[PDB]
Protein chains: 2
Amino acid sequence: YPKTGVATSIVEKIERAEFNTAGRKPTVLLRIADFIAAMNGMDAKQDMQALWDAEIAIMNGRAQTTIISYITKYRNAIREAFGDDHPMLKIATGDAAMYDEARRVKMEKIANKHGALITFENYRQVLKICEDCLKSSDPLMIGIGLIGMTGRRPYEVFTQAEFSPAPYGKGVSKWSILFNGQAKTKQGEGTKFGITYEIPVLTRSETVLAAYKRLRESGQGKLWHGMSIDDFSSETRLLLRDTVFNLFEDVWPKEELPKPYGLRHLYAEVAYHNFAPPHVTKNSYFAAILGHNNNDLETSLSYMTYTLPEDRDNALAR
Amino acid sequence: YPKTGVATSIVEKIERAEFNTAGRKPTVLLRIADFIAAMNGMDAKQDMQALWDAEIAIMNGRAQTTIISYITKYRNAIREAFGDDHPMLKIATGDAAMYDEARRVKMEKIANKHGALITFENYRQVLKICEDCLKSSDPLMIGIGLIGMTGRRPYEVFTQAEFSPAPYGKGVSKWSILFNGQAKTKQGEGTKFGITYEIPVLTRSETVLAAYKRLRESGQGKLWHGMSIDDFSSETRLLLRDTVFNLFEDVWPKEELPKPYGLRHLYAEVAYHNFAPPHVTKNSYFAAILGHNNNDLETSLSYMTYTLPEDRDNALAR
DNA sequence: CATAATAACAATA
DNA sequence: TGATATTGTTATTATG
DNA sequence: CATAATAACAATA
DNA sequence: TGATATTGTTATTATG
């Protein structure tokens, strides 16, 4: 295995922002930087262990989810500089108890959500707002529209989605689409990495495709295309967040605030309610239209968030 | 820790059937027996390791689920003879890869089931058959009736269930019941071990309770009460299996054969379809009425088996 | 100070 | 079954 | 042999 | 997140 190397992406990130008008110092990226530097020319595992221990010591006090995320960042640095075969990857990681506790916390929140679905009283309005967004001249708007109407993740809509007409018999589907470019997935059997699959849309397919072409040809859109998640996050996140909040403030269910993933959750719910064939289950349907891996029905549990007020009505019929 | 001991239950099982009219030899129980015997006076971990290795060697060729089950039997023997603190418990177990593969196989079967629910065309007939069973003079029949009408496991209905009237406001519920005595659960936070909880019934509560008292007072019922799972299995399983098969042969969906747990699966489905409030999810509802642990929504995935032909109809409306 | 930028901080899938 | 990649919120910073 | 008992064998939750 | 407890099927055995 190699003893020298460099996590380019980190250094570059740090070199940009050498000249910065404002903003906080890249302290963490700096720590990562010096860590990877200190690793240059280390052959002894106790040495590596000591280094990492110092890093973990610094992290203490920070939140558990924060630590798990930071550990990912270090591990990805190590991988970039030194490769997959480097003994530091066996050393630089979270305690197993930490990850286990994350799992418990998350399961508990989900179990809690499933026992108290949120009735999305005004979802019809929300969906129309999205539809109209599809016709806006502001590419951010169109993108929001498409998150709502196709359920693709922001990073997907804005950065990497390919949308196609889906053939329905010997014609073209008006309520589904072809989609390619799933995020959060690496190459693999039963994985939608690089797979084009059919997904339902909550308005006419002609409309969605056309709005997408408008998206793909705009000024902002050519810049967005092929961005890394850090680039995209930096450039849009807070603006997207503010726009979504403003656009939906008055209609969004009282129990929570309007956030962009809200649109994806609602999309699953509505798509199921309108399109699910009878031999498939809700967990299955979601996992299918959300692009989850083969045999994964557990991610689908995260998305069961609201109850459409129609279901709430007719369940209250009994 | 102790170096001597005896797994009483195994030896007794072997002493019964010293005198047996027929049936195959208790070879496996014998192997377990001699294993625990050989462990008497072992202090060296390499010795223990060798012994166990010989056992595993014998098991080879047998199925994976078989091996996992057998390993449970040995581990339970060790525990009974020598206690929880014995170093053999760190040694006598399956390879982690084996358990992992079990998990994968099972997830794959479930994901498969969720994508092809079985339409239970005649469930109404099945349920009435159960109802009528509730009035039979044959305690086996009544028990079947109650599996169908309360969804409790066979071992629960026959051996250990306590059923009570459930108070509805200042009166008594006609479509729910109190139930106590959950199987497959050890003491714990967020566990129904020793907990009485309300469950829905698929016919009038008066009827279910009365049929249960008839069950609890019959000849066979006093014998059944408090049996161990081995006793119960030995005494009833094959008769229950044959009766359920005969009773339901002509009406049970074409894709599968009538087995007793079929009744519990259908019960969940029907109970949900008739009783689930709107703010709870199907996974949640099941987990609640099946007595699953707190924050466990994953067991519920096993039970999503059929589609009621009404749902199949009205989904095909779209 | 008064904000807009930025990256830390943090949570979710 | 090892230990990520995305989406979401706020402290801290430079400069008007 | 012809079955009924039994426990091994096996799968599911 | 370690490594079970229940439900389900069949080979093998003693004896009519």
Side-chain angles (χ1 to χ4, degrees), chain A residues 13 17 20-29 62-73 75-76 89 93-94 96-100 102-103 105-106 109-110 153-156 183-186 229-230 232-234 237-238 240-241 257 259-261 264 290 292 298-303, chain B residues 13 17 20-29 62-73 75-76 89 93-94 96-100 102-103 105-106 109-110 153-156 183-186 229-230 232-234 237-238 240-241 257 259-261 264 290 292 298-303:
Chain A
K13 236 179 286 267
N20 256 18
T21 313
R24 61 194 293 154
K25 267 51 184 157
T27 61
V28 180
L29 300 157
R62 256 153 268 185
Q64 301 284 320
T65 59
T66 303
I67 295 178
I68 290 166
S69 213
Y70 283 8
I71 294 182
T72 308
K73 207 146 166 177
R75 291 180 52 86
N76 283 6
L89 294 167
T93 180
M98 196 180 55
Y99 291 116
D100 290 350
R103 211 184 53 254
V105 166
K106 144 170 151 135
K109 299 171 188 167
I110 290 163
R153 304 178 172 119
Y155 181 63
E156 292 168 349
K184 302 173 62 172
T185 192
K186 305 198 199 290
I229 179 61
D230 294 78
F232 178 77
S233 286
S234 260
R237 192 77 60 198
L238 286 300
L240 178 52
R241 162 165 186 270
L257 268 48
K259 315 177 221 68
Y261 242 47
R264 179 155 154 112
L290 301 186
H292 295 158
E298 193 183 279
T299 315
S300 86
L301 305 170
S302 307
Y303 288 99
Chain B
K13 236 179 286 267
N20 256 18
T21 313
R24 61 194 293 154
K25 267 51 184 157
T27 61
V28 180
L29 300 157
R62 256 153 268 185
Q64 301 284 320
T65 59
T66 303
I67 295 178
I68 290 166
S69 213
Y70 283 8
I71 294 182
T72 308
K73 207 146 166 177
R75 291 180 52 86
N76 283 6
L89 294 167
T93 180
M98 196 180 55
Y99 291 116
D100 290 350
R103 211 184 53 254
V105 166
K106 144 170 151 135
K109 299 171 188 167
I110 290 163
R153 304 178 172 119
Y155 181 63
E156 292 168 349
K184 302 173 62 172
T185 192
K186 305 198 199 290
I229 179 61
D230 294 78
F232 178 77
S233 286
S234 260
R237 192 77 60 198
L238 286 300
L240 178 52
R241 162 165 186 270
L257 268 48
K259 315 177 221 68
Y261 242 47
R264 179 155 154 112
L290 301 186
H292 295 158
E298 193 183 279
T299 315
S300 86
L301 305 170
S302 307
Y303 288 99

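Each chain gets a letter, A, B and so on, in the order its sequence line appears, and its residues count up from 1.
- Between F:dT12 and E:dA5 there is a base pair of the Watson-Crick or G-U wobble kind, both of its two distances falling under 3.5 Å.
- The base of D:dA11 sits with one of its N or O atoms less than 3.5 Å from a complementary donor or acceptor on the side chain of A:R24.
- A distance-only check finds a donor-acceptor pair linking the side chain of B:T72 to the backbone of B:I68 [under 3.5 Å].
- Within 4.0 Å (heavy atoms only), B:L29 reaches sugar-phosphate atoms of the nucleic acid but no base atom.
- In this structure, A:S234 and A:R153 both approach DNA chain C, and ranking their closest nucleotides by distance from the 5' end singles out A:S234.
- For the OP1/OP2 pair of D:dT4 and a distance below 4.0 Å, the side-chain nitrogens and oxygens of A:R75 include at least one atom meeting the criterion.
- Between C:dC1 and D:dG16 there is a base pair of the Watson-Crick or G-U wobble kind, both of its two distances falling under 3.5 Å.
- Among all heavy-atom pairs drawn from B:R62 and B:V28, the shortest one is NH1-CG2, 4.0 Å.
- Atom NE2 of B:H292 and atom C1' of E:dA13 are 7 Å apart (whole Å).
- At F:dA5, one or more side-chain N or O atoms of B:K186 fall inside 4.0 Å of OP1 or OP2 (strictly under the cut-off).
- Atom NZ of B:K259 sits about 15.0 Å away from atom CZ of B:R264, to the nearest 0.5 Å.
- At least one donor-acceptor pair closer than 3.5 Å links the side chain of A:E156 to the backbone N or O of A:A183.
- If you take NZ of B:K73 and P of E:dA10, they are 13 Å apart, rounded to a whole angstrom.
- Listed candidates were C:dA13, E:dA5, D:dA3. Nearest to the side chain of A:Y261 is C:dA13.
- Following rounding to the nearest Å, B:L257 (CG) and E:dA11 (P) show an atom-to-atom distance of 17 Å.
- With a cut-off of 3.5 Å on both Watson-Crick or G-U wobble distances, the partner of D:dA5 is given as C:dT12.
- The NZ-P distance, from A:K259 to C:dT12, rounds to 9 Å in whole Å.
- Atom name P, nucleotides D:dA3 and C:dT12: the rounded distance is 24 Å, in whole Å.
- Here CZ of A:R75 is found 5.5 Å from CG of A:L89. Values are rounded to the nearest 0.5 Å.
- Put simply, CD on A:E156 is 11 Å from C1' on D:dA5, counting in whole angstrom units.
- Counting non-hydrogen atoms under 4.0 angstrom, B:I68 reaches a base of the nucleic acid.
- In this structure, A:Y303 forms no aromatic stack with the base of C:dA13, since the conditions of centre separation below 5.5 Å and plane angle below 30° are not both met.
- When the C1' atom of E:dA10 is taken as reference, atom CD1 of B:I71 falls 14 Å away, rounded to whole Å.
- With rounding to whole Å, A:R237 atom CZ is found 11 Å from D:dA5 atom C1'.
- Residue A:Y70 places at least one side-chain N or O under 4.0 Å from the OP1 or OP2 atom of C:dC9.
- The side chain of B:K184 places no N or O atom within less than 4.0 Å of a non-bridging phosphate oxygen (OP1 or OP2) of E:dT12.
- Remark: side-chain polar atoms of A:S69 are not paired, donor with acceptor, to backbone N or O of A:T65 under 3.5 angstrom.
- Relative orientation of the B:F232 and B:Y155 rings is perpendicular, given thresholds of 30° and 60° on the angle between their planes.
- Between A:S69 and A:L238, it is A:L238 whose nearest contact on DNA chain C lies nearer the 5' terminus.
- No canonical Watson-Crick or G-U wobble pair links C:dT3 to F:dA14 with each of its two hydrogen-bond distances shorter than 3.5 Å.
- Within the 4.0 angstrom heavy-atom criterion, only backbone atoms of the sugar-phosphate kind lie near A:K25; the bases stay farther away.
- Atom CZ of B:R153 sits about 5.0 Å away from atom NZ of B:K184, to the nearest 0.5 Å.
- Contact annotation: B:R241 side-chain N/O to F:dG8 OP1/OP2 distance is not under 4.0 Å.
- B:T65 comes within contact range of at least one nucleobase, with a heavy-atom separation under 4.0 Å.
- The distance from atom CG of B:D230 to atom P of F:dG8 is 16 Å, rounded to the nearest whole Å.
- The aromatic ring of B:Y99 sits over the base of F:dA3, with ring centres less than 5.5 Å apart and planes inclined by under 30°.
- At E:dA7, one or more side-chain N or O atoms of B:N20 fall inside 4.0 Å of OP1 or OP2 (strictly under the cut-off).
- With both hydrogen-bonding distances under 3.5 Å, F:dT9 and E:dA8 qualify as a Watson-Crick or G-U wobble pair.
- Distances shorter than 4.0 Å separate some side-chain N or O of A:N76 from OP1 or OP2 on D:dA5.
- Residue-level contact check: A:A96 touches the bases, meaning some heavy atom is under 4.0 Å from a base atom.
- You'll find that the side chain of B:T72 is closest to F:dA5, out of F:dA14, F:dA5, C:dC9.
- Pairing check for C:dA4 against F:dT13: the two fail the Watson-Crick or G-U wobble geometry, since the two atom distances are not both under 3.5 Å.
- Residue order along DNA chain F, read from the 5' end via each residue's closest nucleotide, puts A:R103 first among A:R103 and B:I229.
- Taking side-chain N and O atoms only, B:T66 has no distance below 4.0 Å to OP1 or OP2 of E:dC9.
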